[PDB]
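To be precise, the following lines are coords-v5.txt, and they hold compact mmCIF, C-alpha atoms.
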# COMPACT_ATOMS: atom_id res chain seq x y z
CA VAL A 114 187.90 276.85 192.59
CA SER A 115 185.75 273.75 192.04
CA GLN A 116 184.19 275.35 188.96
CA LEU A 117 187.62 276.27 187.59
CA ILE A 118 189.02 272.78 188.27
CA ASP A 119 186.04 271.21 186.52
CA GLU A 120 186.71 273.54 183.59
CA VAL A 121 190.35 272.37 183.47
CA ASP A 122 189.22 268.74 183.53
CA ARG A 123 186.77 269.43 180.70
CA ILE A 124 189.49 271.14 178.65
CA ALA A 125 191.82 268.17 179.14
CA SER A 126 189.18 265.56 178.33
CA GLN A 127 187.54 267.32 175.36
CA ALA A 128 190.42 268.99 173.49
CA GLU A 129 191.14 267.27 170.18
CA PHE A 130 192.50 268.02 166.71
CA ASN A 131 191.21 265.35 164.28
CA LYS A 132 189.03 263.22 166.58
CA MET A 133 192.21 262.36 168.51
CA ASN A 134 192.38 263.45 172.14
CA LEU A 135 195.69 265.17 172.90
CA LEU A 136 195.86 266.31 176.53
CA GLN A 137 194.60 263.01 177.98
CA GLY A 138 198.06 261.50 177.65
CA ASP A 139 197.66 259.01 174.78
CA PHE A 140 200.79 260.49 173.16
CA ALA A 141 202.78 260.81 176.40
CA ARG A 142 206.24 259.31 176.91
CA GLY A 143 205.34 256.24 178.96
CA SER A 144 202.07 255.37 177.22
CA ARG A 145 201.13 252.15 175.43
CA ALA A 146 197.98 253.77 174.00
CA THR A 147 199.57 255.26 170.87
CA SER A 148 202.61 257.14 169.58
CA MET A 149 202.79 260.31 167.49
CA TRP A 150 204.95 260.12 164.37
CA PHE A 151 205.26 262.87 161.77
CA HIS A 152 206.75 262.07 158.36
CA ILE A 153 208.84 265.10 157.47
CA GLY A 154 210.84 263.63 154.61
CA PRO A 155 210.41 262.00 151.19
CA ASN A 156 211.79 258.52 152.01
CA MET A 157 210.97 255.45 154.09
CA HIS A 158 212.43 256.19 157.53
CA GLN A 159 212.29 259.99 157.92
CA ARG A 160 209.84 260.05 160.83
CA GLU A 161 210.06 261.95 164.10
CA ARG A 162 208.32 261.38 167.42
CA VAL A 163 206.26 264.05 169.18
CA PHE A 164 205.61 263.89 172.93
CA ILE A 165 202.59 265.53 174.58
CA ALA A 166 202.22 264.91 178.32
CA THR A 167 198.96 264.22 180.12
CA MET A 168 197.35 267.52 181.14
CA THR A 169 194.42 266.32 183.25
CA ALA A 170 193.74 267.60 186.77
CA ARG A 171 195.42 264.58 188.37
CA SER A 172 198.62 265.25 186.42
CA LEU A 173 198.63 268.86 187.63
CA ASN A 174 197.90 267.66 191.18
CA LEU A 175 194.77 269.82 191.26
CA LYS A 176 192.77 266.83 192.55
CA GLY A 177 193.74 263.65 194.33
CA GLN A 178 193.41 260.20 192.82
CA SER A 179 190.38 259.67 195.08
CA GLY A 180 188.66 262.59 193.34
CA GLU A 181 189.08 265.24 196.05
CA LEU A 182 189.62 268.64 194.45
CA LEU A 183 192.27 271.03 195.75
CA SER A 184 190.53 272.66 198.70
CA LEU A 185 190.98 276.17 200.12
CA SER A 186 188.21 276.01 202.74
CA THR A 187 190.73 276.77 205.51
CA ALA A 188 193.60 279.23 205.70
CA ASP A 189 196.20 276.59 206.60
CA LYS A 190 195.47 274.39 203.58
CA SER A 191 195.12 277.44 201.33
CA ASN A 192 198.64 278.63 202.20
CA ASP A 193 200.39 275.40 201.20
CA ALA A 194 198.15 275.03 198.14
CA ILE A 195 200.23 277.67 196.32
CA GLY A 196 203.02 275.13 195.82
CA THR A 197 200.59 272.80 194.05
CA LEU A 198 199.51 275.24 191.36
CA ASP A 199 203.08 276.55 191.19
CA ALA A 200 204.11 273.04 190.13
CA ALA A 201 201.12 272.91 187.78
CA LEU A 202 202.19 276.19 186.16
CA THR A 203 205.74 274.85 185.85
CA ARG A 204 204.42 271.75 184.08
CA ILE A 205 202.27 273.85 181.75
CA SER A 206 205.15 276.17 180.88
CA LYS A 207 207.48 273.23 180.24
CA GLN A 208 204.96 271.59 177.91
CA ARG A 209 204.41 274.90 176.12
CA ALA A 210 208.18 275.25 175.66
CA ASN A 211 208.34 271.73 174.24
CA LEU A 212 205.55 272.54 171.79
CA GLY A 213 207.24 275.79 170.78
CA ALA A 214 210.49 273.94 170.13
CA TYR A 215 208.59 271.43 167.98
CA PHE A 216 206.99 274.34 166.12
CA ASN A 217 210.35 275.98 165.42
CA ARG A 218 211.91 272.71 164.26
CA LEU A 219 208.98 271.97 161.96
CA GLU A 220 209.11 275.49 160.51
CA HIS A 221 212.82 275.05 159.76
CA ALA A 222 212.15 271.64 158.21
CA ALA A 223 209.42 273.07 155.96
CA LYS A 224 211.65 275.97 154.91
CA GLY A 225 214.38 273.51 153.96
CA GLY B 58 231.45 264.51 123.83
CA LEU B 59 231.19 268.29 124.18
CA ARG B 60 227.38 268.15 124.37
CA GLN B 61 227.50 265.33 126.93
CA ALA B 62 230.11 267.24 128.95
CA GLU B 63 227.93 270.35 129.01
CA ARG B 64 225.04 268.22 130.26
CA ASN B 65 227.31 266.67 132.91
CA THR B 66 228.57 270.03 134.16
CA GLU B 67 224.99 271.29 134.37
CA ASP B 68 224.19 268.20 136.46
CA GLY B 69 227.15 269.06 138.69
CA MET B 70 225.84 272.61 139.05
CA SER B 71 222.50 271.15 140.14
CA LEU B 72 224.23 268.98 142.75
CA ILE B 73 226.24 271.92 144.12
CA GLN B 74 223.10 274.06 144.33
CA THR B 75 221.24 271.30 146.18
CA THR B 76 224.07 270.92 148.69
CA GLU B 77 224.30 274.67 149.33
CA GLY B 78 220.54 274.93 149.78
CA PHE B 79 220.71 272.10 152.30
CA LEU B 80 223.50 273.86 154.20
CA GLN B 81 221.53 277.14 154.34
CA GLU B 82 218.98 275.93 156.90
CA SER B 83 221.67 274.33 159.07
CA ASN B 84 223.47 277.68 159.09
CA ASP B 85 220.27 279.41 160.17
CA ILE B 86 219.68 276.85 162.94
CA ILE B 87 223.22 277.37 164.25
CA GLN B 88 222.65 281.13 164.30
CA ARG B 89 219.42 280.59 166.25
CA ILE B 90 221.26 278.44 168.81
CA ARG B 91 223.95 281.12 169.12
CA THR B 92 221.28 283.74 169.81
CA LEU B 93 219.80 281.45 172.45
CA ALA B 94 223.22 281.02 174.07
CA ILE B 95 223.84 284.77 174.11
CA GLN B 96 220.44 285.42 175.68
CA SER B 97 221.08 282.58 178.17
CA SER B 98 224.31 283.88 179.72
CA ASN B 99 222.45 286.53 181.74
CA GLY B 100 222.15 285.79 185.44
CA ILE B 101 218.49 286.76 185.79
CA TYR B 102 217.37 283.32 184.58
CA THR B 103 216.95 280.38 186.94
CA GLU B 104 217.73 276.71 186.39
CA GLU B 105 214.23 275.86 185.14
CA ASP B 106 214.30 278.57 182.47
CA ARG B 107 217.69 277.35 181.27
CA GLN B 108 216.31 273.80 181.10
CA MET B 109 213.37 275.10 179.06
CA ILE B 110 215.67 276.80 176.56
CA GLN B 111 217.87 273.68 176.56
CA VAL B 112 214.80 271.80 175.32
CA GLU B 113 214.75 274.02 172.23
CA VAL B 114 218.52 273.63 171.92
CA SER B 115 218.17 269.84 171.95
CA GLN B 116 215.45 270.03 169.31
CA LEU B 117 217.68 272.24 167.15
CA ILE B 118 220.67 269.88 167.23
CA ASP B 119 218.25 267.02 166.54
CA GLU B 120 217.12 268.93 163.46
CA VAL B 121 220.74 269.61 162.46
CA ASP B 122 221.67 265.93 162.53
CA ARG B 123 218.39 265.15 160.76
CA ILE B 124 219.42 267.38 157.85
CA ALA B 125 222.92 265.90 157.95
CA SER B 126 221.71 262.29 157.77
CA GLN B 127 218.71 262.89 155.47
CA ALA B 128 220.00 265.24 152.76
CA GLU B 129 219.97 263.39 149.45
CA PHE B 130 220.40 264.31 145.78
CA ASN B 131 220.21 261.08 143.73
CA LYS B 132 219.62 258.43 146.42
CA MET B 133 223.10 259.25 147.75
CA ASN B 134 223.96 261.05 150.98
CA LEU B 135 226.06 264.21 150.70
CA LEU B 136 226.54 265.73 154.17
CA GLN B 137 227.32 262.42 155.90
CA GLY B 138 230.96 262.59 154.82
CA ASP B 139 231.21 260.17 151.90
CA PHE B 140 233.04 262.77 149.77
CA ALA B 141 235.32 264.38 152.36
CA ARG B 142 239.04 264.99 151.88
CA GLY B 143 239.91 261.81 153.76
CA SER B 144 236.83 259.93 152.56
CA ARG B 145 237.45 256.23 153.19
CA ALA B 146 234.09 255.30 151.63
CA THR B 147 234.08 256.71 148.09
CA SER B 148 235.14 259.56 145.82
CA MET B 149 233.04 261.34 143.20
CA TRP B 150 234.16 263.12 140.04
CA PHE B 151 232.57 265.50 137.53
CA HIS B 152 233.46 264.41 134.00
CA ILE B 153 233.40 267.80 132.28
CA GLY B 154 235.25 266.95 129.09
CA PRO B 155 234.87 264.98 125.85
CA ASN B 156 238.05 262.91 126.36
CA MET B 157 239.33 260.07 128.51
CA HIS B 158 240.75 261.91 131.54
CA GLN B 159 239.11 265.36 131.33
CA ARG B 160 237.51 265.27 134.77
CA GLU B 161 237.58 267.08 138.11
CA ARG B 162 236.95 266.26 141.77
CA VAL B 163 234.75 268.04 144.32
CA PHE B 164 234.99 267.68 148.11
CA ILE B 165 232.03 267.76 150.51
CA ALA B 166 233.15 267.64 154.14
CA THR B 167 231.30 266.15 157.09
CA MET B 168 228.38 268.28 158.30
CA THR B 169 226.96 266.11 161.08
Encoding of this model in structure tokens:
Amino acid sequence: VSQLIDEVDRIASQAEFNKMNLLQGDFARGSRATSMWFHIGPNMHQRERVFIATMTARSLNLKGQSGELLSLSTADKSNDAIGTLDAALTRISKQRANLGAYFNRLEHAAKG
Amino acid sequence: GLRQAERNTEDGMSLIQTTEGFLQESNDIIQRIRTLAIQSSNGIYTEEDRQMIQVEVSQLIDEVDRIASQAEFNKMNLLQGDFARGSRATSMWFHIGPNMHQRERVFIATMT
């Protein structure tokens, strides 16, 4: 589990498109870091925002803010751990649905 | 006057074609939303799945109003409603004759 969690952290920290990190949360809703803005349109103010939420291991609750990874060393704490990665899977699926909606909208915009 | 009127009616044909092409993608988006609604009425889905599909629905209406407020032929908006039947803003005519009053009017309703 520790190896897998480290892999998730590495994926979040290293994934990028054009030397811009995406899953770290720089383009998230409540972020002062930066804001994504496409320019689908031939005039001055035809821009649209794109929101990508932070996908690190703290966001998915796979590790505490103190750095303690989600532990399954005992049966009792392994049983209640299932809710944690259930919430993580819900977050991942919601973000994937958001990205798919953005994809569909952009495809329609390009076709038009 | 006859030559200029032929040029003007060709320009009007271009405008009509542009407007219809703009309406095509909005029609397709509405059909997509209808398919989503039909596939959403089944009771097997939970609240989270319906929220996820509502994300795509929200994106699709956002796209629809984007086309409505961004469609433009000659630096003039068409689908906003400036040429509707009860257009309080302006009216547009297609001078298709070589004489003083040989003209016609075309209506473009609101599509927001």
From (224.0, 267.7, 139.1), in the file's coordinates, out to 12 Å: which residues are reached, counting all atoms listed in the file? Answer as an mmCIF file with C-alpha atoms, in the frame of the given file.
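So the final result, stored in result-v5.cif, reads:
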data_model
loop_
_atom_site.group_PDB
_atom_site.id
_atom_site.type_symbol
_atom_site.label_atom_id
_atom_site.label_comp_id
_atom_site.auth_asym_id
_atom_site.auth_seq_id
_atom_site.Cartn_x
_atom_site.Cartn_y
_atom_site.Cartn_z
ATOM 1 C CA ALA B 62 230.110 267.240 128.950
ATOM 2 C CA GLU B 63 227.930 270.350 129.010
ATOM 3 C CA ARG B 64 225.040 268.220 130.260
ATOM 4 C CA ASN B 65 227.310 266.670 132.910
ATOM 5 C CA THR B 66 228.570 270.030 134.160
ATOM 6 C CA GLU B 67 224.990 271.290 134.370
ATOM 7 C CA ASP B 68 224.190 268.200 136.460
ATOM 8 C CA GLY B 69 227.150 269.060 138.690
ATOM 9 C CA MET B 70 225.840 272.610 139.050
ATOM 10 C CA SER B 71 222.500 271.150 140.140
ATOM 11 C CA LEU B 72 224.230 268.980 142.750
ATOM 12 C CA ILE B 73 226.240 271.920 144.120
ATOM 13 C CA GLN B 74 223.100 274.060 144.330
ATOM 14 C CA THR B 75 221.240 271.300 146.180
ATOM 15 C CA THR B 76 224.070 270.920 148.690
ATOM 16 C CA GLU B 129 219.970 263.390 149.450
ATOM 17 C CA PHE B 130 220.400 264.310 145.780
ATOM 18 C CA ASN B 131 220.210 261.080 143.730
ATOM 19 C CA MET B 149 233.040 261.340 143.200
ATOM 20 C CA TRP B 150 234.160 263.120 140.040
ATOM 21 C CA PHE B 151 232.570 265.500 137.530
ATOM 22 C CA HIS B 152 233.460 264.410 134.000
ATOM 23 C CA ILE B 153 233.400 267.800 132.280
ATOM 24 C CA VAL B 163 234.750 268.040 144.320
#
Residue among B:110, B:146, B:162, B:156 lying closest to chain A, counting only C-alpha atoms
B:110
Could you pull the residues within 12 Å of residue A:147, counting all atoms listed in the file, minus those fewer than 3 positions along the same chain, as number ranges by chain?
A: 133-135, 137-144, 150, 162-165
For residue A:119, the nearest of the candidates A:218, A:176, A:207, A:190, counting only C-alpha atoms
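Nearest candidate to residue A:119 out of A:218, A:176, A:207, A:190: A:176.
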Show which residues sit within 8 Å of stretch 89-102 of chain B, as a list in words. Count all atoms listed in the file, and ignore same-chain residues fewer than 4 positions away.
residues 85, 106, 107, 110, 114 and 117 of chain B
Give the residues of chain A that lie within 12 Å of chain B; count only C-alpha atoms, and format the answer as a PyMOL selection string.
chain A and resi 153-163+200+203-225
Do you know which residues are at most 7 Å from residue B:165 counting only C-alpha atoms, after dropping those on the same chain fewer than 3 positions away, and could you put them as a ChimeraX atom specification?
/B:135-136,138,140-141
Dump of C-alpha atoms for the selected residues, as a PDB file, in the coordinates of the input:
ATOM      1  CA  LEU B 135     226.060 264.210 150.700  1.00  0.00           C
ATOM      2  CA  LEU B 136     226.540 265.730 154.170  1.00  0.00           C
ATOM      3  CA  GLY B 138     230.960 262.590 154.820  1.00  0.00           C
ATOM      4  CA  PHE B 140     233.040 262.770 149.770  1.00  0.00           C
ATOM      5  CA  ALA B 141     235.320 264.380 152.360  1.00  0.00           C
TER       6      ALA B 141
END
Quick one: pull the distance between atom CA of residue B:168 and atom CA of residue A:151, Å, one decimal.
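Separation between atom CA of residue B:168 and atom CA of residue A:151: 24.0 Å.
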Atom CA of residue A:166 and atom CA of residue A:146, how far apart in Å?
12.7 Å
Emit a file covering stretch 159-205 of chain A of the preceding structure with N, CA and C atoms, as a CSV table (one decimal), in the first residue's frame.
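The new file selection39.csv reads:
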chain,number,residue,atom,x,y,z
A,159,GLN,N,-14.0,35.8,-26.0
A,159,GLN,CA,-14.6,34.5,-26.1
A,159,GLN,C,-13.6,33.5,-25.4
A,160,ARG,N,-13.5,33.6,-24.1
A,160,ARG,CA,-12.6,32.7,-23.3
A,160,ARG,C,-13.5,31.9,-22.3
A,161,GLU,N,-13.0,30.7,-22.0
A,161,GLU,CA,-13.8,29.8,-21.1
A,161,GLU,C,-12.8,29.2,-20.1
A,162,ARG,N,-13.2,29.2,-18.8
A,162,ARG,CA,-12.4,28.6,-17.8
A,162,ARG,C,-12.5,27.1,-17.8
A,163,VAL,N,-11.4,26.5,-17.3
A,163,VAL,CA,-11.3,25.1,-17.1
A,163,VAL,C,-10.8,24.8,-15.7
A,164,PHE,N,-11.5,23.9,-15.0
A,164,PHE,CA,-11.2,23.6,-13.6
A,164,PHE,C,-10.7,22.2,-13.5
A,165,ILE,N,-9.5,22.0,-12.9
A,165,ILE,CA,-8.9,20.7,-12.6
A,165,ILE,C,-8.5,20.8,-11.1
A,166,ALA,N,-9.1,19.8,-10.4
A,166,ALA,CA,-8.9,19.8,-8.9
A,166,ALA,C,-7.6,19.1,-8.6
A,167,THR,N,-7.1,19.5,-7.4
A,167,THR,CA,-5.9,18.9,-6.9
A,167,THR,C,-6.1,17.4,-6.7
A,168,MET,N,-5.1,16.6,-7.2
A,168,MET,CA,-5.3,15.1,-7.2
A,168,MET,C,-4.1,14.5,-6.4
A,169,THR,N,-3.5,15.2,-5.5
A,169,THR,CA,-2.4,14.6,-4.7
A,169,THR,C,-3.0,13.6,-3.7
A,170,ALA,N,-2.2,13.0,-2.9
A,170,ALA,CA,-2.6,12.0,-1.9
A,170,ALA,C,-3.2,12.6,-0.7
A,171,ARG,N,-3.0,13.9,-0.4
A,171,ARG,CA,-3.7,14.5,0.7
A,171,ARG,C,-5.1,14.9,0.3
A,172,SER,N,-5.3,15.2,-1.0
A,172,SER,CA,-6.7,15.5,-1.5
A,172,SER,C,-7.6,14.3,-1.5
A,173,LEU,N,-7.0,13.1,-1.8
A,173,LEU,CA,-7.7,11.9,-1.8
A,173,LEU,C,-7.7,11.2,-0.4
A,174,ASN,N,-7.2,11.9,0.6
A,174,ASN,CA,-7.2,11.4,2.0
A,174,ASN,C,-6.4,10.1,2.2
A,175,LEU,N,-5.6,9.8,1.2
A,175,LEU,CA,-4.7,8.6,1.3
A,175,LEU,C,-3.6,8.8,2.3
A,176,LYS,N,-3.3,10.0,2.7
A,176,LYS,CA,-2.3,10.2,3.7
A,176,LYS,C,-2.6,11.5,4.5
A,177,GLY,N,-2.4,11.5,5.8
A,177,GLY,CA,-2.7,12.7,6.6
A,177,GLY,C,-1.8,13.8,6.3
A,178,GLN,N,-2.2,15.0,6.8
A,178,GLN,CA,-1.4,16.2,6.6
A,178,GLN,C,0.0,16.1,7.2
A,179,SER,N,0.1,15.3,8.3
A,179,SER,CA,1.4,15.0,9.0
A,179,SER,C,2.3,14.1,8.2
A,180,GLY,N,1.8,13.5,7.1
A,180,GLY,CA,2.6,12.6,6.3
A,180,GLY,C,2.4,11.1,6.6
A,181,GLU,N,1.4,10.7,7.4
A,181,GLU,CA,1.2,9.3,7.7
A,181,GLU,C,0.3,8.7,6.7
A,182,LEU,N,0.8,7.7,5.9
A,182,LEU,CA,0.0,7.1,4.9
A,182,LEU,C,-1.1,6.3,5.5
A,183,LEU,N,-2.1,6.0,4.6
A,183,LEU,CA,-3.3,5.2,5.0
A,183,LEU,C,-2.8,3.8,5.4
A,184,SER,N,-3.0,3.4,6.6
A,184,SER,CA,-2.4,2.2,7.2
A,184,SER,C,-3.4,1.1,7.3
A,185,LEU,N,-3.0,-0.1,6.9
A,185,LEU,CA,-3.9,-1.3,7.1
A,185,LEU,C,-3.2,-2.4,8.0
A,186,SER,N,-2.3,-2.0,8.8
A,186,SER,CA,-1.5,-2.9,9.6
A,186,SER,C,-2.4,-3.7,10.6
A,187,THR,N,-3.6,-3.2,10.9
A,187,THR,CA,-4.5,-3.9,11.8
A,187,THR,C,-5.9,-4.1,11.1
A,188,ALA,N,-6.6,-5.1,11.5
A,188,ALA,CA,-7.9,-5.4,10.9
A,188,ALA,C,-8.9,-4.3,11.1
A,189,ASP,N,-8.9,-3.7,12.3
A,189,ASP,CA,-9.9,-2.7,12.7
A,189,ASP,C,-9.7,-1.4,11.8
A,190,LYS,N,-8.5,-1.0,11.6
A,190,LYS,CA,-8.2,0.2,10.8
A,190,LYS,C,-8.2,-0.1,9.3
A,191,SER,N,-8.1,-1.4,8.9
A,191,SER,CA,-8.3,-1.8,7.5
A,191,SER,C,-9.8,-1.8,7.1
A,192,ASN,N,-10.7,-2.1,8.1
A,192,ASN,CA,-12.1,-2.2,7.7
A,192,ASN,C,-12.6,-0.8,7.4
A,193,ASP,N,-12.4,0.2,8.3
A,193,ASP,CA,-12.9,1.5,8.0
A,193,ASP,C,-12.1,2.3,7.0
A,194,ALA,N,-10.9,1.7,6.5
A,194,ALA,CA,-10.2,2.4,5.5
A,194,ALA,C,-10.9,2.4,4.1
A,195,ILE,N,-11.9,1.4,3.9
A,195,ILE,CA,-12.6,1.3,2.7
A,195,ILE,C,-13.4,2.5,2.3
A,196,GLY,N,-13.9,3.2,3.4
A,196,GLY,CA,-14.6,4.5,3.1
A,196,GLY,C,-13.6,5.5,2.5
A,197,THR,N,-12.4,5.5,3.0
A,197,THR,CA,-11.4,6.5,2.5
A,197,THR,C,-11.2,6.4,1.0
A,198,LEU,N,-10.8,5.2,0.5
A,198,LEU,CA,-10.6,5.1,-0.9
A,198,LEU,C,-11.9,5.0,-1.7
A,199,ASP,N,-13.0,4.7,-1.0
A,199,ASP,CA,-14.3,5.0,-1.7
A,199,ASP,C,-14.5,6.4,-2.0
A,200,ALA,N,-14.2,7.3,-1.1
A,200,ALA,CA,-14.3,8.7,-1.3
A,200,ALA,C,-13.3,9.2,-2.4
A,201,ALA,N,-12.1,8.6,-2.3
A,201,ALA,CA,-11.1,8.9,-3.3
A,201,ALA,C,-11.6,8.5,-4.7
A,202,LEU,N,-12.2,7.3,-4.9
A,202,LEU,CA,-12.7,6.9,-6.2
A,202,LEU,C,-13.8,7.8,-6.6
A,203,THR,N,-14.7,8.2,-5.7
A,203,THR,CA,-15.7,9.2,-6.0
A,203,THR,C,-15.2,10.5,-6.6
A,204,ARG,N,-14.1,11.0,-5.9
A,204,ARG,CA,-13.5,12.2,-6.4
A,204,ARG,C,-12.9,12.0,-7.8
A,205,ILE,N,-12.2,10.9,-8.0
A,205,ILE,CA,-11.6,10.6,-9.3
A,205,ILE,C,-12.6,10.5,-10.4
